[PDB]
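So this block is start-v2.cif, mmCIF, C-alpha atoms:
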data_model
loop_
_atom_site.group_PDB
_atom_site.id
_atom_site.type_symbol
_atom_site.label_atom_id
_atom_site.label_comp_id
_atom_site.auth_asym_id
_atom_site.auth_seq_id
_atom_site.Cartn_x
_atom_site.Cartn_y
_atom_site.Cartn_z
ATOM 1 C CA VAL H 459 26.230 -15.119 -3.005
ATOM 2 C CA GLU H 460 24.964 -15.552 -6.636
ATOM 3 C CA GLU H 461 23.691 -19.141 -5.760
ATOM 4 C CA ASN H 462 21.816 -17.799 -2.710
ATOM 5 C CA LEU H 463 20.213 -15.007 -4.831
ATOM 6 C CA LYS H 464 19.327 -17.591 -7.563
ATOM 7 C CA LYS H 465 17.609 -19.843 -4.985
ATOM 8 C CA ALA H 466 15.790 -16.766 -3.549
ATOM 9 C CA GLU H 467 14.556 -15.769 -7.064
ATOM 10 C CA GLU H 468 13.346 -19.389 -7.668
ATOM 11 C CA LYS H 469 11.362 -19.358 -4.384
ATOM 12 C CA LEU H 470 9.809 -15.926 -5.220
ATOM 13 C CA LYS H 471 8.699 -17.359 -8.593
ATOM 14 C CA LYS H 472 7.124 -20.423 -6.885
ATOM 15 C CA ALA H 473 5.353 -17.994 -4.469
ATOM 16 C CA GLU H 474 3.880 -16.076 -7.467
ATOM 17 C CA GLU H 475 2.636 -19.378 -8.996
ATOM 18 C CA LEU H 476 1.013 -20.336 -5.675
ATOM 19 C CA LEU H 477 -0.614 -16.917 -5.231
ATOM 20 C CA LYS H 478 -2.146 -17.133 -8.766
ATOM 21 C CA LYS H 479 -3.434 -20.633 -7.858
ATOM 22 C CA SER H 480 -4.940 -19.281 -4.584
ATOM 23 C CA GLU H 481 -6.664 -16.465 -6.538
ATOM 24 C CA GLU H 482 -8.031 -18.987 -9.097
ATOM 25 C CA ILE H 483 -9.507 -21.204 -6.272
ATOM 26 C CA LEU H 484 -11.135 -18.038 -4.709
ATOM 27 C CA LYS H 485 -12.777 -17.123 -8.079
ATOM 28 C CA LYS H 486 -14.663 -20.494 -7.817
ATOM 29 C CA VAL F 459 21.088 0.120 -4.666
ATOM 30 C CA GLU F 460 19.369 2.988 -2.718
ATOM 31 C CA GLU F 461 16.508 3.073 -5.377
ATOM 32 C CA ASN F 462 15.996 -0.701 -5.038
ATOM 33 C CA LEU F 463 15.871 -0.413 -1.195
ATOM 34 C CA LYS F 464 13.443 2.576 -1.497
ATOM 35 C CA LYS F 465 11.111 0.553 -3.763
ATOM 36 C CA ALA F 466 11.371 -2.422 -1.331
ATOM 37 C CA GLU F 467 10.447 -0.155 1.649
ATOM 38 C CA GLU F 468 7.449 1.247 -0.345
ATOM 39 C CA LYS F 469 6.180 -2.298 -1.083
ATOM 40 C CA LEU F 470 6.586 -3.337 2.610
ATOM 41 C CA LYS F 471 4.502 -0.282 3.599
ATOM 42 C CA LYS F 472 1.760 -1.210 1.067
ATOM 43 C CA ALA F 473 1.833 -4.787 2.507
ATOM 44 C CA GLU F 474 1.255 -3.381 6.046
ATOM 45 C CA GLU F 475 -1.712 -1.302 4.758
ATOM 46 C CA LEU F 476 -3.194 -4.400 3.090
ATOM 47 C CA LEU F 477 -2.708 -6.570 6.185
ATOM 48 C CA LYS F 478 -4.525 -3.955 8.364
ATOM 49 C CA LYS F 479 -7.349 -3.934 5.764
ATOM 50 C CA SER F 480 -7.519 -7.779 5.850
ATOM 51 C CA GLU F 481 -7.714 -7.687 9.681
ATOM 52 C CA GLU F 482 -10.494 -5.035 9.543
ATOM 53 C CA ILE F 483 -12.575 -7.202 7.083
ATOM 54 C CA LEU F 484 -12.091 -10.254 9.444
ATOM 55 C CA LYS F 485 -13.385 -8.224 12.461
ATOM 56 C CA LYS F 486 -16.719 -7.896 10.520
ATOM 57 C CA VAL X 459 24.606 -5.671 10.015
ATOM 58 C CA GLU X 460 24.901 -8.981 11.998
ATOM 59 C CA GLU X 461 22.227 -7.693 14.539
ATOM 60 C CA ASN X 462 19.845 -6.812 11.680
ATOM 61 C CA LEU X 463 20.341 -10.292 10.096
ATOM 62 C CA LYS X 464 19.840 -11.939 13.555
ATOM 63 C CA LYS X 465 16.545 -10.053 14.061
ATOM 64 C CA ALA X 466 15.479 -11.008 10.485
ATOM 65 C CA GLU X 467 16.247 -14.723 11.175
ATOM 66 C CA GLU X 468 14.230 -14.531 14.466
ATOM 67 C CA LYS X 469 11.206 -13.059 12.619
ATOM 68 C CA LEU X 470 11.431 -15.751 9.864
ATOM 69 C CA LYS X 471 11.405 -18.422 12.607
ATOM 70 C CA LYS X 472 8.312 -16.840 14.255
ATOM 71 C CA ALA X 473 6.656 -16.783 10.773
ATOM 72 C CA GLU X 474 7.325 -20.556 10.386
ATOM 73 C CA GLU X 475 5.774 -21.208 13.844
ATOM 74 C CA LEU X 476 2.698 -19.163 12.880
ATOM 75 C CA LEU X 477 2.324 -20.903 9.509
ATOM 76 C CA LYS X 478 2.430 -24.357 11.226
ATOM 77 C CA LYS X 479 -0.239 -23.083 13.673
ATOM 78 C CA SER X 480 -2.401 -21.840 10.740
ATOM 79 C CA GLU X 481 -2.068 -25.264 9.040
ATOM 80 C CA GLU X 482 -3.025 -27.053 12.306
ATOM 81 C CA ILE X 483 -6.206 -24.861 12.691
ATOM 82 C CA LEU X 484 -7.133 -25.649 8.997
ATOM 83 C CA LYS X 485 -6.798 -29.440 9.641
ATOM 84 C CA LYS X 486 -9.657 -29.026 12.218
ATOM 85 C CA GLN G 145 -17.700 -23.355 13.711
ATOM 86 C CA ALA G 146 -16.044 -24.172 10.299
ATOM 87 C CA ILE G 147 -16.355 -20.424 9.394
ATOM 88 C CA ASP G 148 -14.829 -19.512 12.826
ATOM 89 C CA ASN G 149 -11.987 -22.057 12.161
ATOM 90 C CA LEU G 150 -11.148 -20.426 8.776
ATOM 91 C CA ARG G 151 -11.198 -16.983 10.428
ATOM 92 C CA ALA G 152 -8.731 -18.119 13.153
ATOM 93 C CA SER G 153 -6.493 -19.666 10.492
ATOM 94 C CA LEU G 154 -6.471 -16.484 8.422
ATOM 95 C CA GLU G 155 -5.748 -14.348 11.532
ATOM 96 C CA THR G 156 -2.774 -16.635 12.199
ATOM 97 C CA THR G 157 -1.614 -16.438 8.549
ATOM 98 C CA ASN G 158 -1.776 -12.637 8.695
ATOM 99 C CA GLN G 159 0.462 -12.709 11.788
ATOM 100 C CA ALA G 160 2.932 -14.891 9.901
ATOM 101 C CA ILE G 161 2.994 -12.405 7.005
ATOM 102 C CA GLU G 162 3.578 -9.550 9.425
ATOM 103 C CA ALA G 163 6.614 -11.395 10.866
ATOM 104 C CA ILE G 164 8.020 -11.792 7.323
ATOM 105 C CA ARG G 165 7.305 -8.118 6.592
ATOM 106 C CA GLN G 166 9.245 -7.091 9.689
ATOM 107 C CA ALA G 167 12.072 -9.485 8.676
ATOM 108 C CA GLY G 168 12.109 -7.606 5.359
ATOM 109 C CA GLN G 169 12.525 -4.246 7.145
ATOM 110 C CA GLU G 170 15.530 -5.702 9.076
ATOM 111 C CA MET G 171 17.034 -7.002 5.805
ATOM 112 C CA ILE G 172 16.747 -3.479 4.261
ATOM 113 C CA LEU G 173 18.680 -2.111 7.297
ATOM 114 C CA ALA G 174 21.281 -4.949 6.828
ATOM 115 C CA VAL G 175 21.835 -4.128 3.093
ATOM 116 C CA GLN G 176 21.944 -0.392 4.060
ATOM 117 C CA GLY G 177 24.589 -1.242 6.705
ATOM 118 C CA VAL G 178 26.762 -3.071 4.158
ATOM 119 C CA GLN G 179 26.357 -0.213 1.585
ATOM 120 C CA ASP G 180 27.222 2.372 4.352
ATOM 121 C CA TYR G 181 30.421 0.417 5.370
ATOM 122 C CA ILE G 182 31.777 0.115 1.739
ATOM 123 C CA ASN G 183 31.022 3.895 1.230
ATOM 124 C CA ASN G 184 32.693 4.971 4.594
ATOM 125 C CA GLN Q 145 -22.150 -13.019 3.938
ATOM 126 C CA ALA Q 146 -19.620 -14.481 6.490
ATOM 127 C CA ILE Q 147 -18.212 -16.684 3.639
ATOM 128 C CA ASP Q 148 -18.040 -13.562 1.368
ATOM 129 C CA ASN Q 149 -16.250 -11.664 4.230
ATOM 130 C CA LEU Q 150 -13.575 -14.413 4.549
ATOM 131 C CA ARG Q 151 -13.115 -14.400 0.758
ATOM 132 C CA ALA Q 152 -12.565 -10.592 0.715
ATOM 133 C CA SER Q 153 -10.109 -10.907 3.606
ATOM 134 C CA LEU Q 154 -8.131 -13.630 1.848
ATOM 135 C CA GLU Q 155 -8.079 -11.617 -1.423
ATOM 136 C CA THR Q 156 -6.643 -8.716 0.586
ATOM 137 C CA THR Q 157 -4.081 -10.986 2.315
ATOM 138 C CA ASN Q 158 -2.967 -12.321 -1.072
ATOM 139 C CA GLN Q 159 -2.394 -8.731 -2.243
ATOM 140 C CA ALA Q 160 -0.285 -8.101 0.852
ATOM 141 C CA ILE Q 161 1.829 -11.189 0.102
ATOM 142 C CA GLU Q 162 2.300 -10.039 -3.477
ATOM 143 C CA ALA Q 163 3.619 -6.667 -2.217
ATOM 144 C CA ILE Q 164 6.138 -8.512 0.005
ATOM 145 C CA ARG Q 165 7.108 -10.768 -2.913
ATOM 146 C CA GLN Q 166 7.808 -7.727 -5.074
ATOM 147 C CA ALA Q 167 9.782 -6.159 -2.177
ATOM 148 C CA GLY Q 168 11.840 -9.367 -2.198
ATOM 149 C CA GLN Q 169 12.608 -8.974 -5.929
ATOM 150 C CA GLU Q 170 13.830 -5.381 -5.247
ATOM 151 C CA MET Q 171 16.007 -6.642 -2.363
ATOM 152 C CA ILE Q 172 17.624 -9.244 -4.706
ATOM 153 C CA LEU Q 173 18.460 -6.375 -7.134
ATOM 154 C CA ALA Q 174 19.864 -4.349 -4.141
ATOM 155 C CA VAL Q 175 22.167 -7.227 -2.983
ATOM 156 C CA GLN Q 176 23.146 -7.763 -6.678
ATOM 157 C CA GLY Q 177 23.979 -4.025 -6.910
ATOM 158 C CA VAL Q 178 26.234 -4.186 -3.837
ATOM 159 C CA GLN Q 179 27.950 -7.406 -5.121
ATOM 160 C CA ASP Q 180 28.420 -5.743 -8.600
ATOM 161 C CA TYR Q 181 30.014 -2.572 -7.021
ATOM 162 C CA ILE Q 182 32.559 -4.545 -4.845
ATOM 163 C CA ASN Q 183 33.441 -6.689 -7.967
ATOM 164 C CA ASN Q 184 33.820 -3.601 -10.332
ATOM 165 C CA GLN I 145 -18.264 -26.596 -0.826
ATOM 166 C CA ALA I 146 -17.701 -22.772 -0.495
ATOM 167 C CA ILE I 147 -16.091 -23.436 2.959
ATOM 168 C CA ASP I 148 -13.925 -26.213 1.369
ATOM 169 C CA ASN I 149 -12.954 -23.744 -1.452
ATOM 170 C CA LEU I 150 -11.784 -21.102 1.091
ATOM 171 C CA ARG I 151 -9.816 -23.785 2.967
ATOM 172 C CA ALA I 152 -8.021 -24.891 -0.252
ATOM 173 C CA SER I 153 -7.265 -21.256 -1.088
ATOM 174 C CA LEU I 154 -5.810 -20.592 2.355
ATOM 175 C CA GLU I 155 -3.711 -23.805 2.196
ATOM 176 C CA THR I 156 -2.337 -22.539 -1.124
ATOM 177 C CA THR I 157 -1.684 -19.042 0.310
ATOM 178 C CA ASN I 158 0.201 -20.586 3.235
ATOM 179 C CA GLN I 159 2.409 -22.471 0.753
ATOM 180 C CA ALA I 160 3.115 -19.200 -1.042
ATOM 181 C CA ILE I 161 4.139 -17.557 2.247
ATOM 182 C CA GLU I 162 6.421 -20.477 3.034
ATOM 183 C CA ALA I 163 8.171 -20.018 -0.346
ATOM 184 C CA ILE I 164 8.729 -16.317 0.476
ATOM 185 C CA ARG I 165 9.980 -17.245 3.957
ATOM 186 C CA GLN I 166 12.517 -19.630 2.445
ATOM 187 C CA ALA I 167 13.515 -16.918 -0.085
ATOM 188 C CA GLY I 168 14.149 -14.700 2.950
ATOM 189 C CA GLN I 169 16.480 -17.310 4.502
ATOM 190 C CA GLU I 170 18.466 -17.427 1.198
ATOM 191 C CA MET I 171 18.664 -13.604 1.153
ATOM 192 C CA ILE I 172 20.100 -13.625 4.733
ATOM 193 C CA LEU I 173 22.803 -16.082 3.515
ATOM 194 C CA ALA I 174 23.440 -13.761 0.475
ATOM 195 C CA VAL I 175 23.902 -10.623 2.682
ATOM 196 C CA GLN I 176 26.077 -12.762 5.047
ATOM 197 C CA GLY I 177 28.165 -13.839 2.014
ATOM 198 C CA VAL I 178 28.730 -10.225 0.932
ATOM 199 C CA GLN I 179 29.595 -9.156 4.547
ATOM 200 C CA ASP I 180 32.011 -12.184 4.841
ATOM 201 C CA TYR I 181 33.791 -11.262 1.513
ATOM 202 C CA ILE I 182 34.347 -7.536 2.472
ATOM 203 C CA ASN I 183 35.647 -8.709 5.943
ATOM 204 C CA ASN I 184 38.014 -11.436 4.452
#
With the file now loaded, output its structure as structure tokens.
Amino acid sequence: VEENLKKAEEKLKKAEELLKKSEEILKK
Amino acid sequence: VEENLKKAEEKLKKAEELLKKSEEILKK
Amino acid sequence: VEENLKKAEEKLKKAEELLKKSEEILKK
Amino acid sequence: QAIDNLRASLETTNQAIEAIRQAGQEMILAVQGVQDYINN
Amino acid sequence: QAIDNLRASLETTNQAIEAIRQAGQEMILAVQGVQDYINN
Amino acid sequence: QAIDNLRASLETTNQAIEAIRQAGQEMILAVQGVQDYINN
């Protein structure tokens, strides 16, 4: 269960990175 | 655990509000 | 609990289908 | 037409998000169901 | 203005996604809390 | 270029959604793992 929650947390962090990138592209 | 699920439910409701807003902007 | 997880898995599969459709529209 | 294409893509994306949001509501019920059973 | 409209829609969509992402972080803490209690 | 900019943003957004969707599949396996352990 801990490995599954770790992998989930990693994917949520990648999603945050990608949302900030999307926002930066929109600013342009 | 109940506080975490409450906060999750609140965020899912805010997401629904924001999706309806996005859809309304697109209609224009 | 198993019914709730089944319904969640079904909705995640529909989301994947819709994302691939979005990507295909963007390619055009 | 390129503007219309983006609009159709974003409509589609919003539907995908809504499917994930509903999957989230089912996962809250699942975690509630586990918490209920261990507190029975 | 149609370009500006799409941009405002996508900004809004990104906020919706961020709300779901934060709901996901709360659900990880919930599943952690259940796993902690059965391992106490 | 403004149309191209929106397209690149929406591509990026779709990748973010896909990361959340995969996080959701891992959370289903986590809740399954807890439910399995209390039913062992």
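What the PyMOL selection byres ((chain I and resi 161) around 10) matches in the given file is residues 469, 470, 473, 474, 476 and 477 of chain H; 473, 474 and 477 of chain X; 157, 160, 161 and 164 of chain G; 158, 161, 162, 164 and 165 of chain Q; 156, 157, 158, 159, 160, 162, 163, 164, 165, 166 and 167 of chain I.
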Here's a check: after a least-squares fit over all in-order C-alpha atoms, write chain Q in the frame of chain I, as a short mmCIF file (atom, residue, chain, number, x, y, z; two decimals) with C-alpha atoms, in the coordinates of the input.
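Contents of the output file result_4.cif:
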data_model
loop_
_atom_site.label_atom_id
_atom_site.label_comp_id
_atom_site.auth_asym_id
_atom_site.auth_seq_id
_atom_site.Cartn_x
_atom_site.Cartn_y
_atom_site.Cartn_z
CA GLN Q 145 -18.26 -26.60 -0.83
CA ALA Q 146 -17.70 -22.77 -0.50
CA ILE Q 147 -16.09 -23.44 2.96
CA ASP Q 148 -13.92 -26.21 1.37
CA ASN Q 149 -12.95 -23.74 -1.45
CA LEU Q 150 -11.78 -21.10 1.09
CA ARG Q 151 -9.82 -23.78 2.97
CA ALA Q 152 -8.02 -24.89 -0.25
CA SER Q 153 -7.27 -21.26 -1.09
CA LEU Q 154 -5.81 -20.59 2.36
CA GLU Q 155 -3.71 -23.81 2.20
CA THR Q 156 -2.34 -22.54 -1.12
CA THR Q 157 -1.68 -19.04 0.31
CA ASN Q 158 0.20 -20.59 3.24
CA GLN Q 159 2.41 -22.47 0.75
CA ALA Q 160 3.11 -19.20 -1.04
CA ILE Q 161 4.14 -17.56 2.25
CA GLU Q 162 6.42 -20.48 3.03
CA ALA Q 163 8.17 -20.02 -0.35
CA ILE Q 164 8.73 -16.32 0.48
CA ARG Q 165 9.98 -17.25 3.96
CA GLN Q 166 12.52 -19.63 2.45
CA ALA Q 167 13.51 -16.92 -0.08
CA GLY Q 168 14.15 -14.70 2.95
CA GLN Q 169 16.48 -17.31 4.50
CA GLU Q 170 18.47 -17.43 1.20
CA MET Q 171 18.66 -13.60 1.15
CA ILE Q 172 20.10 -13.63 4.73
CA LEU Q 173 22.80 -16.08 3.51
CA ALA Q 174 23.44 -13.76 0.47
CA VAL Q 175 23.90 -10.62 2.68
CA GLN Q 176 26.08 -12.76 5.05
CA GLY Q 177 28.17 -13.84 2.01
CA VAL Q 178 28.73 -10.22 0.93
CA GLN Q 179 29.60 -9.16 4.55
CA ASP Q 180 32.01 -12.18 4.84
CA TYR Q 181 33.79 -11.26 1.51
CA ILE Q 182 34.35 -7.54 2.47
CA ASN Q 183 35.65 -8.71 5.94
CA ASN Q 184 38.01 -11.44 4.45
#
At most 10 Å is the cut-off: for each residue in chain F with any atom that close to an atom of chain G, write down the nearest atom pair and the distance in Å rounded to one decimal, counting only C-alpha atoms, chain first then increasing number, as CSV.
residue,atom,partner,partner_atom,distance
F:459,CA,G:179,CA,8.2
F:460,CA,G:176,CA,8.0
F:462,CA,G:172,CA,9.7
F:463,CA,G:172,CA,6.3
F:464,CA,G:172,CA,9.0
F:466,CA,G:172,CA,7.8
F:467,CA,G:169,CA,7.2
F:469,CA,G:165,CA,9.7
F:470,CA,G:165,CA,6.3
F:471,CA,G:165,CA,8.8
F:473,CA,G:165,CA,7.6
F:474,CA,G:162,CA,7.4
F:477,CA,G:158,CA,6.6
F:478,CA,G:158,CA,9.1
F:480,CA,G:158,CA,8.0
F:481,CA,G:155,CA,7.2
F:484,CA,G:151,CA,6.9
F:485,CA,G:151,CA,9.3
From CA of residue 482 (chain X) to CA of residue 475 (chain H) the spacing works out at 23.3 Å
Do you have the CA of residue 472 (chain H)-CA of residue 177 (chain G) distance handy?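 These two atoms are separated by 29.3 Å.
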Can you give me, as JSON, numbers by chain, the residues this file yields under the PyMOL selection byres ((chain I and resi 146-148) around 8)? {"G": [146, 147], "Q": [147], "I": [145, 149, 150, 151, 152]}
Å distance separating CA of residue 153 (chain Q) from CA of residue 483 (chain F), one decimal place: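 Computing it gives 5.6 Å between the two atoms.
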Starting from the incomplete input, reconstruct N, CA, C and O atoms of region 459-483 of chain H and write that as a short mmCIF file (atom, residue, chain, number, x, y, z; two decimals), in the coordinates of the input.
data_model
loop_
_atom_site.label_atom_id
_atom_site.label_comp_id
_atom_site.auth_asym_id
_atom_site.auth_seq_id
_atom_site.Cartn_x
_atom_site.Cartn_y
_atom_site.Cartn_z
N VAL H 459 27.34 -16.12 -3.14
CA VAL H 459 26.23 -15.12 -3.00
C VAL H 459 25.28 -15.27 -4.20
O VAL H 459 24.05 -15.29 -4.00
N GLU H 460 25.79 -15.41 -5.42
CA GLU H 460 24.96 -15.55 -6.64
C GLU H 460 24.04 -16.78 -6.52
O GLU H 460 22.89 -16.65 -6.95
N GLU H 461 24.49 -17.90 -5.93
CA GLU H 461 23.69 -19.14 -5.76
C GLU H 461 22.54 -18.87 -4.79
O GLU H 461 21.43 -19.37 -5.03
N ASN H 462 22.85 -18.18 -3.70
CA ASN H 462 21.82 -17.80 -2.71
C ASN H 462 20.78 -16.90 -3.40
O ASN H 462 19.57 -17.16 -3.21
N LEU H 463 21.19 -15.90 -4.18
CA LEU H 463 20.21 -15.01 -4.83
C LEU H 463 19.44 -15.81 -5.87
O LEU H 463 18.25 -15.53 -6.05
N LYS H 464 20.05 -16.74 -6.59
CA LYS H 464 19.33 -17.59 -7.56
C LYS H 464 18.23 -18.38 -6.85
O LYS H 464 17.11 -18.49 -7.37
N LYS H 465 18.56 -19.02 -5.76
CA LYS H 465 17.61 -19.84 -4.99
C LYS H 465 16.49 -18.92 -4.47
O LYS H 465 15.31 -19.31 -4.58
N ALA H 466 16.82 -17.71 -4.03
CA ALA H 466 15.79 -16.77 -3.55
C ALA H 466 14.85 -16.47 -4.71
O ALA H 466 13.60 -16.46 -4.50
N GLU H 467 15.39 -16.11 -5.87
CA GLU H 467 14.56 -15.77 -7.06
C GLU H 467 13.64 -16.96 -7.43
O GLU H 467 12.43 -16.72 -7.75
N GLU H 468 14.14 -18.18 -7.36
CA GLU H 468 13.35 -19.39 -7.67
C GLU H 468 12.16 -19.47 -6.70
O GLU H 468 11.05 -19.83 -7.10
N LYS H 469 12.43 -19.25 -5.42
CA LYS H 469 11.36 -19.36 -4.38
C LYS H 469 10.34 -18.23 -4.58
O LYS H 469 9.16 -18.49 -4.37
N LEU H 470 10.76 -17.05 -4.95
CA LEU H 470 9.81 -15.93 -5.22
C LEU H 470 8.94 -16.25 -6.43
O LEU H 470 7.75 -15.87 -6.48
N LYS H 471 9.52 -16.93 -7.43
CA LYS H 471 8.70 -17.36 -8.59
C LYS H 471 7.70 -18.44 -8.19
O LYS H 471 6.54 -18.36 -8.66
N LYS H 472 8.08 -19.40 -7.39
CA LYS H 472 7.12 -20.42 -6.88
C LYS H 472 6.03 -19.72 -6.07
O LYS H 472 4.84 -20.06 -6.24
N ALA H 473 6.39 -18.73 -5.23
CA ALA H 473 5.35 -17.99 -4.47
C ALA H 473 4.35 -17.34 -5.42
O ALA H 473 3.17 -17.34 -5.14
N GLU H 474 4.81 -16.73 -6.52
CA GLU H 474 3.88 -16.08 -7.47
C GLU H 474 2.91 -17.11 -8.06
O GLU H 474 1.73 -16.83 -8.15
N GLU H 475 3.45 -18.26 -8.43
CA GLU H 475 2.64 -19.38 -9.00
C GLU H 475 1.55 -19.79 -8.00
O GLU H 475 0.35 -19.90 -8.35
N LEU H 476 1.95 -19.93 -6.73
CA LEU H 476 1.01 -20.34 -5.68
C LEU H 476 -0.01 -19.23 -5.39
O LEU H 476 -1.15 -19.56 -5.21
N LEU H 477 0.37 -17.98 -5.43
CA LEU H 477 -0.61 -16.92 -5.23
C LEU H 477 -1.64 -16.95 -6.38
O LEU H 477 -2.83 -16.67 -6.14
N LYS H 478 -1.18 -17.08 -7.62
CA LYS H 478 -2.15 -17.13 -8.77
C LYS H 478 -3.08 -18.33 -8.57
O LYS H 478 -4.30 -18.16 -8.85
N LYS H 479 -2.61 -19.45 -8.11
CA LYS H 479 -3.43 -20.63 -7.86
C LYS H 479 -4.46 -20.30 -6.78
O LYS H 479 -5.62 -20.65 -6.91
N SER H 480 -4.01 -19.69 -5.65
CA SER H 480 -4.94 -19.28 -4.58
C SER H 480 -6.05 -18.40 -5.16
O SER H 480 -7.21 -18.60 -4.79
N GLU H 481 -5.70 -17.39 -5.89
CA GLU H 481 -6.66 -16.46 -6.54
C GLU H 481 -7.64 -17.24 -7.43
O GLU H 481 -8.83 -16.89 -7.39
N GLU H 482 -7.15 -18.21 -8.18
CA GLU H 482 -8.03 -18.99 -9.10
C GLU H 482 -9.03 -19.79 -8.27
O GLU H 482 -10.23 -19.74 -8.62
N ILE H 483 -8.60 -20.46 -7.20
CA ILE H 483 -9.51 -21.20 -6.27
C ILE H 483 -10.56 -20.24 -5.72
O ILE H 483 -11.76 -20.59 -5.74
#
